[PDB]
Amino acid sequence: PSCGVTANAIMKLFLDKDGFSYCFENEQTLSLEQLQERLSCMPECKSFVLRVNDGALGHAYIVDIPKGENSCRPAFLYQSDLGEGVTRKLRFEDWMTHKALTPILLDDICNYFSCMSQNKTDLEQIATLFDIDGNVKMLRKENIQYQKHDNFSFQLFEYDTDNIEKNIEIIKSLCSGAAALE
Amino acid sequence: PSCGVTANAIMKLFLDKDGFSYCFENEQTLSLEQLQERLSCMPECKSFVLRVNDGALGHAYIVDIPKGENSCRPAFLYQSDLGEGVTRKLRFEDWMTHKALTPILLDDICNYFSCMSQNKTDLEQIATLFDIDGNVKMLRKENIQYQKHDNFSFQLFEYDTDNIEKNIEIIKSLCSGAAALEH
């Protein structure tokens, strides 16, 4: 599956419940400026999931912001990659059994959004966040797609830890049977 | 999960795509009479998934109708069951790795709908369709909840085989990384 497909499916795991089904194309989007305003007012006692549509990098991914303190607020990054953009091909299983397990600082990925929105990023910043080995040599600057405005689009939702737990239980219960299905 | 949660998740696997997300509570529903009309004119060149809310049996489940001719048209039945009612406890994994991979006749499950809607319980019929072993002794006829009308509610959708394939790949991928999604 593509990075966008993986991202959409993760959103559904966090958000789907009786009476609401997440559908990427139908949900409300935020600009970077609007996002920055929401993140500045985020309470410590709520958890959020952020879907990132990264048009420069060529890639969609998820930032999970658990409940936490606003000083050095942690986050987790979830992604897969077909390897057609700046970053290399990356299987979800591989990302999620290695680098995804270590928290990052929300400020660091937000600094990336700010820099890349102005074409002011650098490969070391990109590799540190997105490459499984932090290896700058695996990036292809020649595959960047910068456009003066609107490089990024975002979707930001509050989530409940009970709901992602339940949805993961559901998909686990289907996995073996589904594979058999044709 | 409950039978209904399993059913709804299976509908999402068949149907979800860019610009469409299945949501059980908001979908259109068919009566049995409506479904019987639709089946009479169902295109042979298309595949369909049918979500069944079976009030009398007290159970929900999926009937997969692939492309095929309307004479003895094949179908597949997918289900789980917590075992509180007529039929016994059944894990989706167990059903799907045993009885589910053998096709059934669409006409046989349709005959069942017709019989149950008229309160003509046939325990052998129910075991043959729904029990992993086909064992009538495992059923509890006492737990049938026949009502005078509106026993059944259905949802019927066309599906594309490319989409179910893509969604199964996604679910297997997600399961492989699931430990990292919770903190």
# chains A, B, ... in the order shown; residues from 1 in each chain; ligands from 1
>>> closest_atom_pairs(of="chain A", to="chain B", cutoff="7 Å", atoms="only C-alpha atoms", output="CSV")
residue,atom,partner,partner_atom,distance
A:1,CA,B:170,CA,6.5
A:6,CA,B:170,CA,6.9
A:19,CA,B:25,CA,5.5
A:20,CA,B:23,CA,6.5
A:21,CA,B:23,CA,5.6
A:22,CA,B:21,CA,6.7
A:23,CA,B:21,CA,5.5
A:25,CA,B:19,CA,5.5
A:92,CA,B:177,CA,6.6
A:93,CA,B:177,CA,5.0
A:96,CA,B:177,CA,5.0
A:97,CA,B:177,CA,6.4
A:100,CA,B:180,CA,6.5
A:101,CA,B:180,CA,5.7
A:170,CA,B:1,CA,6.4
A:171,CA,B:171,CA,6.6
A:172,CA,B:175,CA,6.1
A:173,CA,B:92,CA,6.9
A:174,CA,B:92,CA,6.8
A:175,CA,B:172,CA,5.9
A:176,CA,B:93,CA,5.9
A:177,CA,B:93,CA,4.8
A:178,CA,B:168,CA,6.3
A:179,CA,B:168,CA,6.6
A:180,CA,B:97,CA,6.8
>>> write_last_selection(atoms="C-alpha atoms", output="PDB file, in the first residue's frame")
ATOM      1  CA  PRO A   1       0.000   0.000   0.000  1.00  0.00           C
ATOM      2  CA  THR A   6      -1.288   3.530   5.297  1.00  0.00           C
ATOM      3  CA  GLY A  19     -21.683   6.106  13.959  1.00  0.00           C
ATOM      4  CA  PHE A  20     -18.438   7.694  12.706  1.00  0.00           C
ATOM      5  CA  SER A  21     -16.122   6.459   9.952  1.00  0.00           C
ATOM      6  CA  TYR A  22     -13.099   8.500   9.035  1.00  0.00           C
ATOM      7  CA  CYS A  23     -12.785   9.314   5.292  1.00  0.00           C
ATOM      8  CA  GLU A  25     -11.199  13.122   1.363  1.00  0.00           C
ATOM      9  CA  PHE A  92       5.544  -0.222   7.707  1.00  0.00           C
ATOM     10  CA  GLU A  93       6.521  -3.379   9.603  1.00  0.00           C
ATOM     11  CA  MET A  96       7.200   0.152  13.416  1.00  0.00           C
ATOM     12  CA  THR A  97       9.404  -2.575  14.887  1.00  0.00           C
ATOM     13  CA  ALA A 100       8.836   4.227  15.519  1.00  0.00           C
ATOM     14  CA  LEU A 101       9.182   2.879  19.047  1.00  0.00           C
ATOM     15  CA  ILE A 170     -10.750  -5.874  15.912  1.00  0.00           C
ATOM     16  CA  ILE A 171      -8.133  -5.884  13.179  1.00  0.00           C
ATOM     17  CA  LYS A 172      -6.093  -8.555  15.020  1.00  0.00           C
ATOM     18  CA  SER A 173      -9.209 -10.711  15.185  1.00  0.00           C
ATOM     19  CA  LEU A 174      -9.637 -10.437  11.395  1.00  0.00           C
ATOM     20  CA  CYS A 175      -6.077 -10.707  10.257  1.00  0.00           C
ATOM     21  CA  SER A 176      -5.754 -14.489  10.127  1.00  0.00           C
ATOM     22  CA  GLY A 177      -9.188 -15.015   8.632  1.00  0.00           C
ATOM     23  CA  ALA A 178      -8.721 -12.195   6.101  1.00  0.00           C
ATOM     24  CA  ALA A 179      -5.523 -13.521   4.668  1.00  0.00           C
ATOM     25  CA  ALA A 180      -7.373 -16.801   3.958  1.00  0.00           C
TER      26      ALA A 180
END
>>> residues_around(residues="residue A:114", least_positions_apart="3", cutoff="12 Å", atoms="only C-alpha atoms", output="PyMOL selection string")
chain A and resi 31-33+35-36+54+107-111+117-121+125+150-152
>>> select_by_dssp(residues="chain A", states="strand (DSSP E or B)", output="count of residues only")
35
>>> atom_distance(atom1="atom CA of residue A:62", atom2="atom CA of residue A:137")
23.9 Å
>>> residues_around(residues="stretch 75-90 of chain A", least_positions_apart="4", cutoff="6 Å", atoms="only C-alpha atoms", output="PyMOL selection string")
chain A and resi 3+57-58+61-65+100+103-106+139-141+143-144
>>> write_last_selection(atoms="N, CA, C and O atoms", output="PDB file, in the first residue's frame")
ATOM      1  N   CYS A   3       1.915   5.340   1.006  1.00  0.00           N
ATOM      2  CA  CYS A   3       2.066   6.012   2.279  1.00  0.00           C
ATOM      3  C   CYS A   3       0.726   6.633   2.688  1.00  0.00           C
ATOM      4  O   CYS A   3       0.440   6.633   3.864  1.00  0.00           O
ATOM      5  N   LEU A  57       8.083  16.551   0.529  1.00  0.00           N
ATOM      6  CA  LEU A  57       8.752  15.311   0.740  1.00  0.00           C
ATOM      7  C   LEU A  57       8.180  14.221  -0.140  1.00  0.00           C
ATOM      8  O   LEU A  57       8.910  13.338  -0.568  1.00  0.00           O
ATOM      9  N   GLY A  58       6.876  14.305  -0.398  1.00  0.00           N
ATOM     10  CA  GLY A  58       6.144  13.467  -1.342  1.00  0.00           C
ATOM     11  C   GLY A  58       5.414  12.324  -0.688  1.00  0.00           C
ATOM     12  O   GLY A  58       5.170  11.297  -1.271  1.00  0.00           O
ATOM     13  N   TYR A  61       2.072  10.851   6.462  1.00  0.00           N
ATOM     14  CA  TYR A  61       2.497  10.132   7.678  1.00  0.00           C
ATOM     15  C   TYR A  61       1.679  10.681   8.859  1.00  0.00           C
ATOM     16  O   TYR A  61       0.928  11.667   8.707  1.00  0.00           O
ATOM     17  N   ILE A  62       1.788  10.004   9.999  1.00  0.00           N
ATOM     18  CA  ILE A  62       0.983  10.253  11.193  1.00  0.00           C
ATOM     19  C   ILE A  62       1.902  10.628  12.339  1.00  0.00           C
ATOM     20  O   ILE A  62       2.967   9.973  12.599  1.00  0.00           O
ATOM     21  N   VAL A  63       1.486  11.671  13.069  1.00  0.00           N
ATOM     22  CA  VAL A  63       2.162  12.078  14.291  1.00  0.00           C
ATOM     23  C   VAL A  63       1.149  11.865  15.418  1.00  0.00           C
ATOM     24  O   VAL A  63       0.043  12.417  15.392  1.00  0.00           O
ATOM     25  N   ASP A  64       1.522  11.025  16.377  1.00  0.00           N
ATOM     26  CA  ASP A  64       0.676  10.696  17.544  1.00  0.00           C
ATOM     27  C   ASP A  64       1.213  11.486  18.713  1.00  0.00           C
ATOM     28  O   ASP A  64       2.407  11.413  19.036  1.00  0.00           O
ATOM     29  N   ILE A  65       0.341  12.291  19.316  1.00  0.00           N
ATOM     30  CA  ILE A  65       0.668  13.141  20.445  1.00  0.00           C
ATOM     31  C   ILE A  65      -0.122  12.636  21.669  1.00  0.00           C
ATOM     32  O   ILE A  65      -1.259  13.050  21.908  1.00  0.00           O
ATOM     33  N   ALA A 100      10.152   3.666  15.055  1.00  0.00           N
ATOM     34  CA  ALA A 100       8.836   4.227  15.519  1.00  0.00           C
ATOM     35  C   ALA A 100       8.683   4.105  17.015  1.00  0.00           C
ATOM     36  O   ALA A 100       7.954   4.851  17.656  1.00  0.00           O
ATOM     37  N   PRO A 103      10.235   7.723  21.158  1.00  0.00           N
ATOM     38  CA  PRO A 103       9.578   9.015  21.037  1.00  0.00           C
ATOM     39  C   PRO A 103      10.505  10.072  20.468  1.00  0.00           C
ATOM     40  O   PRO A 103      11.743  10.022  20.637  1.00  0.00           O
ATOM     41  N   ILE A 104       9.902  11.026  19.780  1.00  0.00           N
ATOM     42  CA  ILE A 104      10.560  12.226  19.382  1.00  0.00           C
ATOM     43  C   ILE A 104       9.975  13.403  20.186  1.00  0.00           C
ATOM     44  O   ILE A 104       9.024  13.233  20.945  1.00  0.00           O
ATOM     45  N   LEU A 105      10.548  14.578  20.001  1.00  0.00           N
ATOM     46  CA  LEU A 105       9.954  15.812  20.496  1.00  0.00           C
ATOM     47  C   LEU A 105       9.038  16.387  19.432  1.00  0.00           C
ATOM     48  O   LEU A 105       9.427  16.574  18.258  1.00  0.00           O
ATOM     49  N   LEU A 106       7.796  16.686  19.820  1.00  0.00           N
ATOM     50  CA  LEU A 106       6.877  17.379  18.901  1.00  0.00           C
ATOM     51  C   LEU A 106       7.452  18.645  18.302  1.00  0.00           C
ATOM     52  O   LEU A 106       7.319  18.887  17.112  1.00  0.00           O
ATOM     53  N   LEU A 139      18.689   9.727   0.961  1.00  0.00           N
ATOM     54  CA  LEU A 139      17.741  10.686   0.468  1.00  0.00           C
ATOM     55  C   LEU A 139      18.108  11.188  -0.900  1.00  0.00           C
ATOM     56  O   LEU A 139      19.314  11.242  -1.271  1.00  0.00           O
ATOM     57  N   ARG A 140      17.099  11.562  -1.655  1.00  0.00           N
ATOM     58  CA  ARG A 140      17.276  12.051  -3.004  1.00  0.00           C
ATOM     59  C   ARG A 140      16.681  13.438  -3.115  1.00  0.00           C
ATOM     60  O   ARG A 140      15.485  13.600  -3.384  1.00  0.00           O
ATOM     61  N   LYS A 141      17.555  14.442  -2.977  1.00  0.00           N
ATOM     62  CA  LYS A 141      17.126  15.864  -3.012  1.00  0.00           C
ATOM     63  C   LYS A 141      16.486  16.153  -4.349  1.00  0.00           C
ATOM     64  O   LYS A 141      15.588  16.998  -4.471  1.00  0.00           O
ATOM     65  N   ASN A 143      14.319  14.577  -5.891  1.00  0.00           N
ATOM     66  CA  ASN A 143      12.952  14.115  -5.918  1.00  0.00           C
ATOM     67  C   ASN A 143      12.036  14.994  -5.046  1.00  0.00           C
ATOM     68  O   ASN A 143      10.835  14.736  -4.974  1.00  0.00           O
ATOM     69  N   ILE A 144      12.583  16.045  -4.442  1.00  0.00           N
ATOM     70  CA  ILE A 144      11.758  17.037  -3.723  1.00  0.00           C
ATOM     71  C   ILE A 144      10.785  17.736  -4.655  1.00  0.00           C
ATOM     72  O   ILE A 144      11.070  17.915  -5.857  1.00  0.00           O
TER      73      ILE A 144
END
>>> closest_residue(among="B:77, B:157, B:125, B:31", to="residue B:60", atoms="only C-alpha atoms")
B:77
>>> residues_around(residues="residue A:99", least_positions_apart="5", cutoff="9 Å", atoms="only C-alpha atoms", output="list in words")
residues 77, 94, 131, 132 and 133 of chain A
>>> residues_around(residues="residue A:70", least_positions_apart="4", cutoff="9 Å", atoms="only C-alpha atoms", output="ChimeraX atom specification")
/A:42-44,74
>>> atom_distance(atom1="atom CA of residue B:64", atom2="atom CA of residue A:182")
10.8 Å
>>> decode(residues="stretch 3-155 of chain B", atoms="C-alpha atoms", output="PDB file, in the first residue's frame")
ATOM      1  CA  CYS B   3     -20.982 -10.699  15.509  1.00  0.00           C
ATOM      2  CA  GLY B   4     -22.054  -7.179  14.481  1.00  0.00           C
ATOM      3  CA  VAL B   5     -18.610  -5.636  15.002  1.00  0.00           C
ATOM      4  CA  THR B   6     -17.071  -8.426  12.886  1.00  0.00           C
ATOM      5  CA  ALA B   7     -19.693  -7.916  10.191  1.00  0.00           C
ATOM      6  CA  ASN B   8     -19.162  -4.167  10.041  1.00  0.00           C
ATOM      7  CA  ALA B   9     -15.391  -4.580   9.816  1.00  0.00           C
ATOM      8  CA  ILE B  10     -15.752  -7.055   6.952  1.00  0.00           C
ATOM      9  CA  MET B  11     -17.946  -4.551   5.070  1.00  0.00           C
ATOM     10  CA  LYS B  12     -15.153  -1.952   5.490  1.00  0.00           C
ATOM     11  CA  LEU B  13     -12.630  -4.456   4.072  1.00  0.00           C
ATOM     12  CA  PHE B  14     -14.740  -4.995   0.971  1.00  0.00           C
ATOM     13  CA  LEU B  15     -15.863  -1.409   0.413  1.00  0.00           C
ATOM     14  CA  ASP B  16     -13.530   1.227   1.811  1.00  0.00           C
ATOM     15  CA  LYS B  17     -11.592   3.211  -0.744  1.00  0.00           C
ATOM     16  CA  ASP B  18     -10.539   6.734  -1.573  1.00  0.00           C
ATOM     17  CA  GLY B  19     -13.670   8.822  -1.043  1.00  0.00           C
ATOM     18  CA  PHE B  20     -15.844   6.112   0.545  1.00  0.00           C
ATOM     19  CA  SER B  21     -15.869   4.868   4.109  1.00  0.00           C
ATOM     20  CA  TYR B  22     -18.577   2.406   5.120  1.00  0.00           C
ATOM     21  CA  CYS B  23     -20.495   3.364   8.253  1.00  0.00           C
ATOM     22  CA  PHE B  24     -23.102   0.807   9.368  1.00  0.00           C
ATOM     23  CA  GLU B  25     -25.401   3.244  11.131  1.00  0.00           C
ATOM     24  CA  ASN B  26     -25.764   5.521   8.114  1.00  0.00           C
ATOM     25  CA  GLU B  27     -26.156   3.062   5.251  1.00  0.00           C
ATOM     26  CA  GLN B  28     -29.285   2.322   3.341  1.00  0.00           C
ATOM     27  CA  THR B  29     -31.194  -0.806   4.371  1.00  0.00           C
ATOM     28  CA  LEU B  30     -33.315  -3.342   2.525  1.00  0.00           C
ATOM     29  CA  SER B  31     -36.234  -5.448   3.698  1.00  0.00           C
ATOM     30  CA  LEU B  32     -36.365  -9.093   2.768  1.00  0.00           C
ATOM     31  CA  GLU B  33     -38.921  -8.363   0.050  1.00  0.00           C
ATOM     32  CA  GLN B  34     -36.631  -5.720  -1.362  1.00  0.00           C
ATOM     33  CA  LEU B  35     -33.625  -8.035  -1.244  1.00  0.00           C
ATOM     34  CA  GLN B  36     -35.619 -10.842  -2.996  1.00  0.00           C
ATOM     35  CA  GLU B  37     -36.386  -8.391  -5.865  1.00  0.00           C
ATOM     36  CA  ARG B  38     -32.764  -7.283  -6.080  1.00  0.00           C
ATOM     37  CA  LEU B  39     -31.520 -10.891  -6.195  1.00  0.00           C
ATOM     38  CA  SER B  40     -33.976 -11.714  -9.020  1.00  0.00           C
ATOM     39  CA  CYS B  41     -32.293  -9.098 -11.242  1.00  0.00           C
ATOM     40  CA  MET B  42     -28.738  -9.196  -9.873  1.00  0.00           C
ATOM     41  CA  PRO B  43     -26.085  -8.710 -12.557  1.00  0.00           C
ATOM     42  CA  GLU B  44     -23.942 -11.794 -13.209  1.00  0.00           C
ATOM     43  CA  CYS B  45     -20.960  -9.627 -14.258  1.00  0.00           C
ATOM     44  CA  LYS B  46     -20.696  -7.904 -10.844  1.00  0.00           C
ATOM     45  CA  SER B  47     -19.818  -9.037  -7.320  1.00  0.00           C
ATOM     46  CA  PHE B  48     -21.775  -8.018  -4.199  1.00  0.00           C
ATOM     47  CA  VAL B  49     -21.532  -8.167  -0.448  1.00  0.00           C
ATOM     48  CA  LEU B  50     -24.626  -8.549   1.704  1.00  0.00           C
ATOM     49  CA  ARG B  51     -24.695  -7.616   5.392  1.00  0.00           C
ATOM     50  CA  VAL B  52     -27.374  -9.554   7.247  1.00  0.00           C
ATOM     51  CA  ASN B  53     -28.949  -8.450  10.546  1.00  0.00           C
ATOM     52  CA  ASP B  54     -30.868 -11.589  11.465  1.00  0.00           C
ATOM     53  CA  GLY B  55     -33.256 -10.665  14.273  1.00  0.00           C
ATOM     54  CA  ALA B  56     -34.838 -14.115  14.649  1.00  0.00           C
ATOM     55  CA  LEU B  57     -31.534 -15.990  14.847  1.00  0.00           C
ATOM     56  CA  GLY B  58     -30.141 -13.071  16.862  1.00  0.00           C
ATOM     57  CA  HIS B  59     -27.050 -12.901  14.744  1.00  0.00           C
ATOM     58  CA  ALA B  60     -25.260 -10.776  12.090  1.00  0.00           C
ATOM     59  CA  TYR B  61     -23.098 -12.075   9.241  1.00  0.00           C
ATOM     60  CA  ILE B  62     -21.846 -11.434   5.655  1.00  0.00           C
ATOM     61  CA  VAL B  63     -22.827 -13.184   2.389  1.00  0.00           C
ATOM     62  CA  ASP B  64     -20.253 -12.639  -0.382  1.00  0.00           C
ATOM     63  CA  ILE B  65     -21.738 -13.080  -3.893  1.00  0.00           C
ATOM     64  CA  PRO B  66     -18.958 -13.221  -6.513  1.00  0.00           C
ATOM     65  CA  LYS B  67     -19.424 -12.717 -10.229  1.00  0.00           C
ATOM     66  CA  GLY B  68     -21.334 -15.700 -11.564  1.00  0.00           C
ATOM     67  CA  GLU B  69     -24.430 -17.024 -13.315  1.00  0.00           C
ATOM     68  CA  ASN B  70     -27.793 -16.729 -11.517  1.00  0.00           C
ATOM     69  CA  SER B  71     -28.472 -20.457 -11.908  1.00  0.00           C
ATOM     70  CA  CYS B  72     -27.153 -22.059  -8.691  1.00  0.00           C
ATOM     71  CA  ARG B  73     -25.052 -18.972  -8.078  1.00  0.00           C
ATOM     72  CA  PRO B  74     -22.316 -19.577  -5.469  1.00  0.00           C
ATOM     73  CA  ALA B  75     -21.804 -17.491  -2.335  1.00  0.00           C
ATOM     74  CA  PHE B  76     -19.576 -17.475   0.762  1.00  0.00           C
ATOM     75  CA  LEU B  77     -20.682 -16.858   4.366  1.00  0.00           C
ATOM     76  CA  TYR B  78     -18.433 -15.022   6.843  1.00  0.00           C
ATOM     77  CA  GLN B  79     -19.257 -14.655  10.575  1.00  0.00           C
ATOM     78  CA  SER B  80     -18.175 -14.697  14.190  1.00  0.00           C
ATOM     79  CA  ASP B  81     -20.423 -15.439  17.182  1.00  0.00           C
ATOM     80  CA  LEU B  82     -20.141 -14.867  20.964  1.00  0.00           C
ATOM     81  CA  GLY B  83     -22.480 -17.803  21.639  1.00  0.00           C
ATOM     82  CA  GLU B  84     -25.114 -16.083  23.792  1.00  0.00           C
ATOM     83  CA  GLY B  85     -27.984 -17.094  21.483  1.00  0.00           C
ATOM     84  CA  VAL B  86     -29.121 -19.902  19.139  1.00  0.00           C
ATOM     85  CA  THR B  87     -25.711 -20.691  17.714  1.00  0.00           C
ATOM     86  CA  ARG B  88     -22.605 -21.468  19.735  1.00  0.00           C
ATOM     87  CA  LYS B  89     -19.426 -19.401  20.231  1.00  0.00           C
ATOM     88  CA  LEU B  90     -17.344 -19.131  17.053  1.00  0.00           C
ATOM     89  CA  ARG B  91     -14.110 -17.207  16.503  1.00  0.00           C
ATOM     90  CA  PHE B  92     -13.747 -15.538  13.102  1.00  0.00           C
ATOM     91  CA  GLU B  93     -10.307 -17.201  12.764  1.00  0.00           C
ATOM     92  CA  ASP B  94     -11.772 -20.683  13.263  1.00  0.00           C
ATOM     93  CA  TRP B  95     -14.725 -20.194  10.918  1.00  0.00           C
ATOM     94  CA  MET B  96     -12.560 -18.688   8.156  1.00  0.00           C
ATOM     95  CA  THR B  97      -9.835 -21.355   8.297  1.00  0.00           C
ATOM     96  CA  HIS B  98     -12.327 -24.224   8.177  1.00  0.00           C
ATOM     97  CA  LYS B  99     -15.882 -24.056   6.875  1.00  0.00           C
ATOM     98  CA  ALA B 100     -15.920 -20.584   5.263  1.00  0.00           C
ATOM     99  CA  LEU B 101     -13.638 -21.458   2.334  1.00  0.00           C
ATOM    100  CA  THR B 102     -16.150 -23.878   0.868  1.00  0.00           C
ATOM    101  CA  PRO B 103     -18.759 -22.099  -1.247  1.00  0.00           C
ATOM    102  CA  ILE B 104     -22.439 -22.476  -0.563  1.00  0.00           C
ATOM    103  CA  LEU B 105     -25.451 -21.924  -2.849  1.00  0.00           C
ATOM    104  CA  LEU B 106     -26.975 -18.493  -2.657  1.00  0.00           C
ATOM    105  CA  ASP B 107     -30.337 -20.200  -3.091  1.00  0.00           C
ATOM    106  CA  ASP B 108     -29.795 -22.238   0.124  1.00  0.00           C
ATOM    107  CA  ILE B 109     -29.144 -19.169   2.322  1.00  0.00           C
ATOM    108  CA  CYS B 110     -32.078 -17.397   0.620  1.00  0.00           C
ATOM    109  CA  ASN B 111     -34.349 -20.347   1.352  1.00  0.00           C
ATOM    110  CA  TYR B 112     -33.231 -20.014   4.985  1.00  0.00           C
ATOM    111  CA  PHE B 113     -34.239 -16.307   5.054  1.00  0.00           C
ATOM    112  CA  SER B 114     -37.620 -17.239   3.627  1.00  0.00           C
ATOM    113  CA  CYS B 115     -38.231 -20.043   6.160  1.00  0.00           C
ATOM    114  CA  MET B 116     -37.101 -18.002   9.189  1.00  0.00           C
ATOM    115  CA  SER B 117     -39.197 -14.998   8.119  1.00  0.00           C
ATOM    116  CA  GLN B 118     -42.274 -17.273   8.244  1.00  0.00           C
ATOM    117  CA  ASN B 119     -41.246 -18.770  11.629  1.00  0.00           C
ATOM    118  CA  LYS B 120     -40.537 -22.182  10.113  1.00  0.00           C
ATOM    119  CA  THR B 121     -37.402 -23.078  12.064  1.00  0.00           C
ATOM    120  CA  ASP B 122     -35.407 -25.899  10.587  1.00  0.00           C
ATOM    121  CA  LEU B 123     -32.572 -26.759  12.974  1.00  0.00           C
ATOM    122  CA  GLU B 124     -30.781 -28.940  10.448  1.00  0.00           C
ATOM    123  CA  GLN B 125     -30.949 -25.992   7.996  1.00  0.00           C
ATOM    124  CA  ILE B 126     -29.456 -23.626  10.636  1.00  0.00           C
ATOM    125  CA  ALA B 127     -26.688 -26.034  11.614  1.00  0.00           C
ATOM    126  CA  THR B 128     -25.738 -26.694   8.005  1.00  0.00           C
ATOM    127  CA  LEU B 129     -25.341 -22.967   7.346  1.00  0.00           C
ATOM    128  CA  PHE B 130     -23.981 -21.579  10.612  1.00  0.00           C
ATOM    129  CA  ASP B 131     -22.384 -24.318  12.771  1.00  0.00           C
ATOM    130  CA  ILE B 132     -18.674 -25.033  12.222  1.00  0.00           C
ATOM    131  CA  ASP B 133     -19.349 -28.791  12.470  1.00  0.00           C
ATOM    132  CA  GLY B 134     -22.925 -28.734  11.147  1.00  0.00           C
ATOM    133  CA  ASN B 135     -23.977 -30.097  14.529  1.00  0.00           C
ATOM    134  CA  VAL B 136     -27.649 -29.618  15.368  1.00  0.00           C
ATOM    135  CA  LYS B 137     -27.038 -30.712  19.001  1.00  0.00           C
ATOM    136  CA  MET B 138     -24.978 -27.552  19.577  1.00  0.00           C
ATOM    137  CA  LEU B 139     -27.896 -25.235  18.798  1.00  0.00           C
ATOM    138  CA  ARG B 140     -30.369 -23.815  21.247  1.00  0.00           C
ATOM    139  CA  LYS B 141     -33.739 -23.462  19.543  1.00  0.00           C
ATOM    140  CA  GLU B 142     -35.067 -21.790  22.727  1.00  0.00           C
ATOM    141  CA  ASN B 143     -33.119 -18.668  21.852  1.00  0.00           C
ATOM    142  CA  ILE B 144     -34.885 -17.966  18.535  1.00  0.00           C
ATOM    143  CA  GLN B 145     -36.545 -14.528  18.836  1.00  0.00           C
ATOM    144  CA  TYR B 146     -39.162 -14.583  16.078  1.00  0.00           C
ATOM    145  CA  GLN B 147     -41.123 -11.310  15.719  1.00  0.00           C
ATOM    146  CA  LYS B 148     -44.250 -11.005  13.484  1.00  0.00           C
ATOM    147  CA  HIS B 149     -42.567  -8.761  10.893  1.00  0.00           C
ATOM    148  CA  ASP B 150     -39.181  -7.087  10.280  1.00  0.00           C
ATOM    149  CA  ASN B 151     -37.010  -9.997  11.484  1.00  0.00           C
ATOM    150  CA  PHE B 152     -34.356  -9.210   8.842  1.00  0.00           C
ATOM    151  CA  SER B 153     -32.539  -6.028   7.792  1.00  0.00           C
ATOM    152  CA  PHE B 154     -30.006  -6.139   4.954  1.00  0.00           C
ATOM    153  CA  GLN B 155     -27.381  -3.883   3.386  1.00  0.00           C
TER     154      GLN B 155
END
